[PDB]
2 protein chains.
Amino acid sequence: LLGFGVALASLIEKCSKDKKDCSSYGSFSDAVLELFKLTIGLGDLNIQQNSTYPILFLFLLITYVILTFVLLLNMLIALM
Amino acid sequence: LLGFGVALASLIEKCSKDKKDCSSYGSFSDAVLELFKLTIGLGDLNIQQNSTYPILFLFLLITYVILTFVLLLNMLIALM
Ligand SMILES: CCCCCCCC/C=C/CCCCCCCC(=O)O[C@@H](COC(=O)CCCCCCCCCCCCCCC)COP(=O)([O-])OCC[N+](C)(C)C
Ligand SMILES: CCCCCCCC/C=C/CCCCCCCC(=O)O[C@@H](COC(=O)CCCCCCCCCCCCCCC)COP(=O)([O-])OCC[N+](C)(C)C
Ligand SMILES: CCCCCCCCCCCC(=O)OC[C@H](COP(=O)(O)OCC[N+](C)(C)C)OC(=O)CCCCCCCCCCC
Ligand SMILES: CCCCCCCCCCCC(=O)OC[C@H](COP(=O)(O)OCC[N+](C)(C)C)OC(=O)CCCCCCCCCCC
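- For this deposition, the record names cryo-EM as the technique by which the model was determined and cites 3.3 Å as its resolution.

Set out below in structure tokens:
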């Protein structure tokens, strides 16, 4: 959560032309909150960020989904 | 559900300056409904409440998520 939170957050450029737009993954704690809400399954996944690399953003975000929604949570049920 | 419902609800101060704003966790039954919808996975988690302690609010809300979304539901699948 914290590794991909800081990576995704540091990938986003300046806030906006008006300081508040599509800055979901703006800072660290805001990106950590967005990833937490993808694990719970709440909200709406929005990839149209003010990002310099949309492909690298999708790669890190989909890797996070594969590592937690698929591997870690189902492996928790199996070990339990 | 009811323990954290009444705790989170009693943490929120007066309704608003207009009696209706960001009062998701306003009263008891409204906070119980919001927690129920986090368990089902519906809605959108909004922590920007008219709260006096945003940190204590996150602590109680994340503890609820750890106790039900992680422990209790997966342990239900294991015992079943
Ligand atoms: C499958 C999942 C399982 C669960 C996984 C959970 C993983 C964790 C997920 C956590 C991510 C949640 C979001 C964090 C960031 C939100 C923003 C925020 O509030 O920032 C603040 C910090 O806020 C905190 O420090 C959050 C509260 C404490 C940490 C969380 C609980 C710790 C775990 C408890 C466990 C208890 C266990 C039981 C114990 C008996 C900082 O804000 P600021 O920079 O000061 O703002 C300045 C500007 N402003 C003042 C105008 C605003
Ligand atoms: C993983 C999860 C699993 C499920 C967990 C579920 C846990 C439970 C979750 C419950 C939380 C749901 C929300 C409750 C509060 C909503 C608000 C509300 O209506 O308030 C009202 C009460 O409302 C009730 O009393 C709700 C209905 C009855 C209880 C729920 C069903 C009982 C379980 C059945 C089981 C059957 C089993 C099978 C039997 C064969 C009160 O409103 P008011 O104060 O009078 O309003 C005044 C102002 N106004 C009139 C203008 C409005
Ligand atoms: C054990 C606890 C588990 C639960 C999670 C608790 C922490 C949640 C996030 C809190 C953030 C906060 O509040 O501060 C985080 C602070 C400052 O944040 P900021 O950049 O000013 O953004 C604030 C944005 N606002 C104003 C909108 C709120 O440091 C940082 O940004 C540094 C980030 C890089 C260092 C950390 C990397 C960690 C890697 C993994 C190590 C294991
Ligand atoms: C066994 C049944 C399971 C399913 C759940 C059923 C109940 C759901 C909620 C109904 C609420 C309601 O309707 O009344 C709850 C009432 C009055 O509510 P109010 O504060 O006026 O808010 C009404 C808000 N409105 C107007 C928007 C609807 O008491 C209370 O607030 C007292 C709360 C503290 C005492 C109870 C604590 C319980 C702790 C756990 C014990 C095991």
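**Section: the overall build of chain A**
Now for step 1: In terms of helices and strands, chain A carries 3 helices and 0 strands.
Now for step 2: Going residue by residue from the N terminus, the α and β elements of chain A occur as α-α-α.
Now for step 3: Dimensions of chain A along its principal axes, counting C-alpha atoms only, are 50 × 20 × 20 Å.
Now for step 4: A buried classification covers 31% of the 80 residues belonging to chain A.
Now for step 5: Long-range pairs, those at least 24 residues apart, make up 60% of the contacts in chain A between residues at least 6 apart in sequence.
Now for step 6: A total of about 5100 Å² of accessible surface is found on chain A, and carbon and sulfur atoms cover 68% of it.
Now for step 7: Once the 5 positive and 6 negative side-chain charges of chain A are each reduced to a mean point, those two points are 6 Å apart.

**With respect to the site of ligand 2**
Residue and element names in this part refer to chain B.
Now for step 1: By nearness alone, every residue bordering ligand 2 is listed as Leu1, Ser29, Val32, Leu33, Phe36 and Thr39.
Now for step 2: Here ligand 2, which alone exposes 1200 Å², has 19% of that area covered by the protein.
Now for step 3: Of the residues contributing to the shell around ligand 2, the split by class is 4 nonpolar, 2 polar and no charged.

**Quick notes on the site of ligand 3**
All names here are of chain A.
Now for step 1: Inspection of the region around ligand 3 gives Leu2, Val6, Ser27, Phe28, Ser29 and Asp30 as its neighbouring residues.
Now for step 2: The fraction of the free accessible surface of ligand 3 (1100 Å²) that becomes covered by protein chains is 29%.
Now for step 3: Residue assignment for the shell around ligand 3 shows that the elements contributing at least two residues are α1 (2–9) and α2 (28–40).
Now for step 4: If you tally residues by element for the shell around ligand 3, the top one is α2, at 3 residues.
Now for step 5: Taken together, the residues that form the shell around ligand 3 break down as 3 nonpolar, 2 polar and 1 charged.

**Considerations on the UniProt feature "intramembrane region" in chain A**
Now for step 1: Feature annotation in UniProt places "intramembrane region" on residues 24–49 of chain A, given in this structure's numbering.
Now for step 2: Taken end to end, residues 24–49 of chain A is 50% helix and 0% strand, and its first and last C-alpha atoms sit 8 Å apart.

**Comments concerning the nonpolar core**
Generally speaking, nonpolar side chains in soluble globular proteins are found buried as a group.
Now for step 1: Ranked by internal contacts, the top residues of the largest apolar core, which has 17 residues, are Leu8, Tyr25, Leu35, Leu38, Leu45, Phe57 and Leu61 of chain B.
Now for step 2: Among the secondary structure elements, those contributing two or more residues to this core are α2 of chain A together with α1 (2–9), α2 (28–40) and α3 (54–79) of chain B.
Now for step 3: It is α3 of chain B that contributes the most residues to this core, 5 residues altogether.
Now for step 4: If you look at the next biggest cluster of nonpolar residues, it comprises 11 residues, including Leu8, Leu11, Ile12 and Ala31 of chain A.

Conventions used here
Residues numbered from 1 in each chain as written, not as in the entry; some residues may be left out. Chains lettered and ligands numbered in written order. Part of a larger assembly, values for the part shown. Heavy atoms only, no water. Helix = DSSP H or I, 4+ residues; strand = E, 2+ residues; numbered from the N terminus. Buried < 20%, exposed > 50% of the residue type's maximum accessible area, 1.4 Å probe, protein only. Contact = heavy atoms within 4.5 Å. Areas by Shrake-Rupley, 256 points an atom, 1.4 Å probe, with all protein chains shown as cover. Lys, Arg positive; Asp, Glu negative; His and termini not counted. Charge placed at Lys NZ, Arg CZ, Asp CG, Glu CD. Near = heavy atom within 4 Å. Nonpolar A, V, L, I, M, F, W, Y, C, P; charged D, E, K, R; others polar. UniProt positions renumbered as here; feature names shortened; annotations may be inferred. Core = buried A, V, L, I, M, F, W, Y, C linked by side-chain atoms within 4.5 Å.

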